[PDB]
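Descriptive structure summary
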Amino acid sequence: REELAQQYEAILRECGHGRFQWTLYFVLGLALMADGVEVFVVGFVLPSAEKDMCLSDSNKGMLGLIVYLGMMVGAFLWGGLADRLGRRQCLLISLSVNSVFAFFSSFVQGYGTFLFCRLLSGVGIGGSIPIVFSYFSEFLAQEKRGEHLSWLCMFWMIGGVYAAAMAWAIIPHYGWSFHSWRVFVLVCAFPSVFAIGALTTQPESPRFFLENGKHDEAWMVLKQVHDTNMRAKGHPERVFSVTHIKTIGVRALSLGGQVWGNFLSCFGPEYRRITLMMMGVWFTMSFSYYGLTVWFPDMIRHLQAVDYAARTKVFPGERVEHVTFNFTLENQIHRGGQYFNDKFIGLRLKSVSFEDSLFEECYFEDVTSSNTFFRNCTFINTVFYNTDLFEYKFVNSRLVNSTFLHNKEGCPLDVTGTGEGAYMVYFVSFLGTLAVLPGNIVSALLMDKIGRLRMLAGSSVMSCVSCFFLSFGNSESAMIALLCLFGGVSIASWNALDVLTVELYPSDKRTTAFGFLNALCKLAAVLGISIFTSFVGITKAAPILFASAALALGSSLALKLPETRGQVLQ
Amino acid sequence: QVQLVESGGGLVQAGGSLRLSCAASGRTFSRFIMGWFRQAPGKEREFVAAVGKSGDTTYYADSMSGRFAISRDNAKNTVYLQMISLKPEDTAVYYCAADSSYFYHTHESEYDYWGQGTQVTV
Amino acid sequence: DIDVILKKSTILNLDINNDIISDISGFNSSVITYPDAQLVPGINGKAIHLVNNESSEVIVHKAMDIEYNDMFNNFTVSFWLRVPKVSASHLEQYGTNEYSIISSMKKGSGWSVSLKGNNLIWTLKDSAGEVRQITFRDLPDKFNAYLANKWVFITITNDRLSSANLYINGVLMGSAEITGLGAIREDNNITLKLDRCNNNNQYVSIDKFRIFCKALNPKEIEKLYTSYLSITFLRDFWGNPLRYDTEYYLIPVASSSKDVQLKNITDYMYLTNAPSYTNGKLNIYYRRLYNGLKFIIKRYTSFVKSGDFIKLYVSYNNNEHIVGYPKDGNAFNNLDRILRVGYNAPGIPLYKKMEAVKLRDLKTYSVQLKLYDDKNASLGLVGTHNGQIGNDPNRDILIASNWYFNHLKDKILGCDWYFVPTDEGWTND
Ligand SMILES: *[C@@H]1O[C@H](CO[C@@H]2O[C@@H](C)[C@@H](O)[C@@H](O)[C@@H]2O)[C@@H](O[C@@H]2O[C@H](CO)[C@@H](O)[C@H](O)[C@H]2NC(C)=O)[C@H](O)[C@H]1NC(C)=O
Ligand SMILES: *[C@@H]1O[C@H](CO[C@@H]2O[C@@H](C)[C@@H](O)[C@@H](O)[C@@H]2O)[C@@H](O[C@@H]2O[C@H](CO)[C@@H](O)[C@H](O)[C@H]2NC(C)=O)[C@H](O)[C@H]1NC(C)=O
Ligand SMILES: C=CCCCCCCCCCO[C@@H]1O[C@H](CO)[C@@H](O[C@H]2O[C@H](CO)[C@@H](O)[C@H](O)[C@H]2O)[C@H](O)[C@H]1O
Ligand SMILES: *[C@@H]1O[C@H](CO)[C@@H](O)[C@H](O)[C@H]1NC(C)=O
């Protein structure tokens, strides 16, 4: 085994980085960009889709977690399979499934079918990170592999910014009407299609063929690589003098057995320690990162809510008689008023409350109302015509000889206003995504100088320390700075992981092990999101404690990992 | 299908007081507006009162408030109609019904289920 | 000059002194006031008060040298008027009646000033029977209206060659064309009494009853109006003088729709939205008064004179509480010092000396409060700064800063206040 890895390292090491490597880099960054775009869609869609699709808060949470659940399943499935059927074929299958289901999700009406489409889209896109990294790792040599793999992490943020830009450039046009959020979904379903388009032109890497006793295809693929790189470097005189490489329903059951064997061989005596260290590291890092990255926007929203409450204005003791009104009201309280023989026509209300009021012989007609209530109010001989007033809008009131006529149809569930303040979401996500650029650059430049282990541990401990500064920012302005700081100072820890997991497992098990670890990452992400979403407003010590302890565990386990810098990839 | 059963009727002396209890046996009881109707001899079922989905707000028909008090207990899974100062006019069969909607309704058609009935004689 | 033209053109000029009404215009004009005619505080003295009965009248007999000046000669009539705010019930019952308050009618051609609901009517009649009439309609906002409980100046000019003009508060409010009319042989007697009025609580206040012998120009009206109102003593919301040891309600002139409320004893004060009354049937709306903190002006050592040192108290739960600024207390921007009520902190000095001055808008009944420290320095004019003190909402906290001194020439400033005492002519609906 090890002898082949020496010979394999020798072939590509001579042809050197060149045309073929950059071509594969771009055509694989397309798949990574597709993943980055996919993980943002449902988030930029909930505020607008919550009206058409009549979405409760429970449905919002389930939709928020469906992408991560699908990504977990897809990572495990496609990683397990790719070690048998190849990397190119499996990536094509998974990306095509993602594109198909993500396109169908745009022309879908019901909530359950939308959830199913999004889950299958996540299953399709789960296997991009493992297959892409493992597959590109087999066209690189050890002198600079770490930097080469680290520049491949840049396309994920490119996809994030693409999704944010399209969301900003499509969703706010609320007057189009099929509204604009479906168009945003369809437009964001494109990079996967381009990924299949650009992936069909690339050979299946020769390492898989060699590991599968298919040295002929390995030789022809290596010949393509050499020919392309030499044609690039303007040295057609050179000849590929390298000789042949060293030689070493039932179908579904056989594939399942082979995948199970690959997975079970990861816990063998050689790889038990490494595998357990990696399980702990991936779990802890994912838990902390996802918990914080979803806790920050929630805190911004809650702090804005407190400001909104502090901006309310109260109107006590108003008496109105024989007056008509058609003027929109917002963020107001009206207490202890009396309205006799009043007509309210074309009235729009938002976050308006009425307490201890009295209505007698009044007349409502065509009233819209969000977060509007009637507490301890009395109605006598009042008529409600074509109104948005539901049963739950009357809290502790009593109505005598009133009437509801032409009751306006629509979603009964409230908090479903077409337009919510989602602009802040787009800009916050855009800044958070840009925060990873300096981290990506420094990590890519210094991975092969500092080393995988040292960079991983340093970034992890720095993030653990930076978490303590959470309490130092209590304003909406400080939370953005903290979000950019945590995101940009922790991204290196992720890159060092992707390079470190790739270089630590045998070529026959690299995709299986990486897929299992990414599935564990997505599971930990789900758990972290769930736990941390219950801390907003409660306090500020709990998130600090949880995310500092988890990153401490991660750094402790990370420091006990082998080193892979300057070692041949086996 | 929620089954509603009424009780507490009978003959009552004029100017007295009486209470009608409507028991429901379905875990899903708090998702309906509970309406009390009455049917007099020769007339139709006329809406009397209704109580919302959380026991906060009531909805009284015309000429009823002052003699009818409607409430609901969500722990005992029941609805209550208290009547007082009963006159000879208030002789009828009282029915209990459920509406699953999000608007208060006085039309008998809009109510989903219906109770058996009780008799009140003055 | 304008003053000379105004003085030489007078034929009748009533004045009250020593509880006696007399003609001080120069021409001897006997005045007979009935026993029931009352005396009330005026603009620069006492004013006649006419209740609706058969004993409250003031008859004036023109001298022989003057009795025919009304025939075909232009003439003007001026006086300060105060009418109670009419109720909605009364406005719906007697909203069409037309009761006269002043009249010179032959006992008959002449002239009359009467009230029809919230309307001021000026009527001219000649021997031929022709009638000219001006019917000015009051404003719908009873807080900023003329036939509300406040004192106003009324001047009616009649030029027999062109027209008749009605001036309120030094401003034209209506006109009529007195052209082709006959001869106004007005009666020798001028009656100041409520006539043909069906309400037993109808009463009006009249002061400075004057008659000029020409059609005064707008400049002359301006000068007369200003001539009365002169900065010597301060006025309340209704135009009456401010008094010591009396409760008042403060209302910012900048935002008349707000009341002043107190958070806690030894804390700050803020502006809240005051209740209001509105009616489209009668077309009247206003902000209901008599709500908020009650304030008391007391001497620092019964009429408040401009430039007087006062202590300001906030009556609260049958207890008074000084308003002031504690030494190095919290402030907005370090110069918008925050006034505190009933402050009592050991070891700290509290500045409680204020000065009641009139620095802006002589025509309006508003007052400014300068606040000085213990070293005679000026902490500044009392006003309102919008802030968020602690975790409380975003309010307008009362302050005392020297910023307002740099904008005393602006159209509207936030340092002016209305002192509103309870009055019987204003009852909320
Ligand atoms: C619910 O409201 C009642 C009655 O409201 C009154 O009428 C409204 C138009 C408005 O003017 C309210 O302020 C009035 O109170 C409240 O009963 C009042 O309770 C207070 C305090 O005990 C008492 O001073 C009033 O006289 C009561 N008025 C009446 C008509 O009963 C009652 O407290 C309110 N309940 C809740 C939970 O808010
Ligand atoms: C209870 O209300 C009814 C309804 O009056 C009408 O209800 C709606 C149709 C609305 O659009 C309005 O026009 C009315 O308020 C009252 O019945 C009416 O009573 C008036 C009394 O003048 C009579 O002229 C009408 O013909 C009646 N209409 C009907 C349909 O019966 C009834 O009086 C109200 N009850 C109480 C106690 O006031
Ligand atoms: C579903 C219905 C919910 C119940 C809604 C109840 C809201 C009560 C509204 C109270 C406001 O009442 C309203 O206040 C303003 C002053 O601020 C008054 O003043 C106004 O009157 C006239 C009406 O155009 C105009 O002169 C000006 O607009 C304004 O001065 C109105 O005459 C009164 O009609
Ligand atoms: C409300 O009605 C008034 C009077 O008809 C009209 O001038 C105004 O434009 C209307 N406004 C709206 C928002 O309907």
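Analysis parameters
Residues numbered from 1 in each chain as written, not as in the entry; some residues may be left out. Chains lettered and ligands numbered in written order. Heavy atoms only, no water. Contact = heavy atoms within 4.5 Å. Buried area = accessible area lost by both parts, 1.4 Å probe. Salt bridge = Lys/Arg side-chain N within 4 Å of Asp/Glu carboxyl O. Polar contact = N/O pair within 3.5 Å; in protein donor to acceptor, adjacent residues only side chain to side chain. Helix = DSSP H or I, 4+ residues; strand = E, 2+ residues; numbered from the N terminus. Nonpolar A, V, L, I, M, F, W, Y, C, P; charged D, E, K, R; others polar. Domains from an automatic or database assignment. Near = heavy atom within 4 Å. Areas by Shrake-Rupley, 256 points an atom, 1.4 Å probe, with all protein chains shown as cover. Disulfide = S-S within 2.5 Å. UniProt positions renumbered as here; feature names shortened; annotations may be inferred. Buried < 20%, exposed > 50% of the residue type's maximum accessible area, 1.4 Å probe, protein only. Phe/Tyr/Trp six-rings, centres within 6.5 Å; stacked < 30°, edge-to-face > 60°. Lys NZ or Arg CZ within 6 Å of the ring centre and 35° of its normal.

Our focus in this paragraph is the interface of chain A and chain C. Listed per partner, the contact involves 12 residues of chain A and 13 residues of chain C. Between chain A and chain C lies a buried interface of about 990 Å² when both sides are counted; carbon and sulfur atoms form 48% of it. When the area that chain A buries against chain C is broken down by residue, the three leading residues are A:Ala310, A:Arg319 and A:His322, summing to 40%. Here chain A is connected to chain C by 0 salt bridges. The interface formed by chain A and chain C contains 8 residue pairs in polar contact. Counting only elements with at least two residues in the side of chain A that touches chain C, the list comes to β1 (313-316) and β2 (318-321) of chain A. In terms of residues, the side of chain A that touches chain C owes the most to one element, β2(A), which gives 4 residues. Taken together, the residues of the side of chain A that touches chain C sort by class into 6 nonpolar, 2 polar and 4 charged.

Once that is clear, we can look at the domain arrangement of chain A. Interfaces are often described in size by the accessible area the parts lose on coming together. Structurally, chain A comprises domain 1 (2-304 + 418-559) and domain 2 (313-405). Here the C-alpha centre of domain 2 of chain A lies 53 Å away from the C-alpha centre of domain 1 of chain A.

This brings us to the site of ligand 1. Residues and elements named next belong to chain A. The environment of ligand 1 is formed by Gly336, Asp356, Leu358 and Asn376. One of the side-chain nitrogen or oxygen atoms of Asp356 is found 3.0 Å away from an oxygen atom of ligand 1. Here an oxygen atom of ligand 1 sits 2.3 Å away from a polar atom, N or O, in the side chain of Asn376. Protein contacts shield 27% of the accessible area of ligand 1, which totals 700 Å² for the unbound molecule. Looking at the shell around ligand 1, its residues break down into 1 nonpolar, 2 polar and 1 charged.

Glancing now at the UniProt feature "disulfide bond" in chain C. Of the disulfides listed in UniProt, the one linking C:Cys197 with C:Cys213 is not reproduced by the coordinates, which place the two sulfurs 33 Å apart. When you line up the elements, C:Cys213 lands in the loop between β16 (203-212) and α3 (218-228).

What follows concerns the state of the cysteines. All told, the structure shown has 2 disulfides over all chains when counted by the stated rule. Shown here is the disulfide that connects B:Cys22 with B:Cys96, its sulfur atoms set 2.0 Å apart. Handedness here is read from the sign of the S-S torsion; for B:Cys22 and B:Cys96, about -85°, the answer is left-handed. Here the residue B:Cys22 occupies a position in strand β3 (residues 17-24), and B:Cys96 occupies one in strand β9 (residues 92-99), the gap between them amounting to 74 residues. With respect to class, B:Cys22 is no different from B:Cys96; both count as buried. The thiol sulfur of A:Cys90 is not disulfide-bonded, and the nearest other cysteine sulfur, from A:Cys266, lies at 16 Å. On the basis of relative accessibility, which here comes to 1%, the residue A:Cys90 falls in the buried class.

The subject of this paragraph is the packing of aromatic side chains. Here the structure, examined in full by the defined rule, presents 81 aromatic pairs over all chains. Between the aromatic rings of A:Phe325 and A:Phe327, the centroid separation amounts to 5.8 Å while the plane-to-plane angle is 50°, which identifies the pairing as tilted. Judged by relative accessible area, A:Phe327 falls into the partly exposed class, the value being 46%. With 4.9 Å between their ring centres and 85° between their planes, B:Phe37 and B:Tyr111 make a pair best called edge-to-face. You can see B:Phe37 sitting in strand β4 (residues 33-39) and its partner B:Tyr111 sitting in the loop between β9 and β10 (113-114), a full 74 residues away along the chain. Considered together, B:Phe37 and B:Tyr111 belong to a single accessibility category, that of buried residues. Members of the aromatic cluster, connected to one another through ring pairs, are A:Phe325, A:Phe327, A:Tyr339, A:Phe344, A:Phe354, A:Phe359, A:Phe364, A:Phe374, A:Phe379, A:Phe384, A:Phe394 and A:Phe404. Here the guanidinium or amino end of C:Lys150 rests over the ring plane of C:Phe237, the centre of that ring lying 4.0 Å away.

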